[PDB]
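Form deposited in one PDB entry, single chain, as structure tokens, below.
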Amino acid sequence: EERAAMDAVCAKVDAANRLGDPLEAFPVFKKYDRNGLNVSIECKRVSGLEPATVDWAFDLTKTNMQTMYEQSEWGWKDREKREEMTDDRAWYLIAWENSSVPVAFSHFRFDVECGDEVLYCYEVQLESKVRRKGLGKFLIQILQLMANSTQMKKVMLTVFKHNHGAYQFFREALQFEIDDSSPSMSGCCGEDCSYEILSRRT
């Protein structure tokens, strides 16, 4: 009885991936108007985004992350990242300042990881000028809500150990745990990897 287990899990993922607007029931999360911001938030599949929006999101990711990727074991390759960001399974939360200028986004997916239904956050990226205003925390709280409303078991993400601000944001401010799949949770002599996998159960 091993296919029955993954079938219940994959059914829930497949259903979430057929949703229209995962935030339709939650209009209060479509605005963030604190600390000088006036943002409107939308949740769309990548197929619903304009090409210039995808370009902005890729460029913001590259600006913020390219050096940190090269400092890691992964490296940075434009094509690999663009293909990941434009996969048909990609979902986006996009924050538009004054409903007009894109200033932040998350790329997330409903997927199976280690036999569990999860919401995987593949990116959370803010322009520098909108940081330390609570917007990133709010976007992650939206992800947590969507994980609950679709019956996922956790929100998961990867963070570089050398991305010290993001590590403190997730681990301390948002109290994500180190996931059992993280490299640090294998081996009893302190292995050496440059990222951690973090998660927060629903």
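Only residues modelled in both forms are compared. Between two forms, the rigid core is defined as the largest C-alpha subset superposing within 1.5 Å. Position 1 is the first residue in the sequence shown; the rest follow in order.
Beyond the structure shown, there is the form deposited in another entry, which is absent from this document and is the topic of what follows.
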Taking the rigid core as reference, which of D180, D21, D14, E191 is displaced at the C-alpha by at least 2 Å between this form and the one not shown? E191
Thinking of the 3 angstroms or more shift, are the C-alphas of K161 and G187 brought closer or pushed farther apart in that other deposited form than in this view? closer
Working note: in that other deposited form the C-alpha atoms of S72 and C188, off by 3 Å or more, come closer
Where the chain shifts between this form and the one not shown once the rigid core is fitted, runs of at least 3 with Cα moving 2 Å or more: 184-191
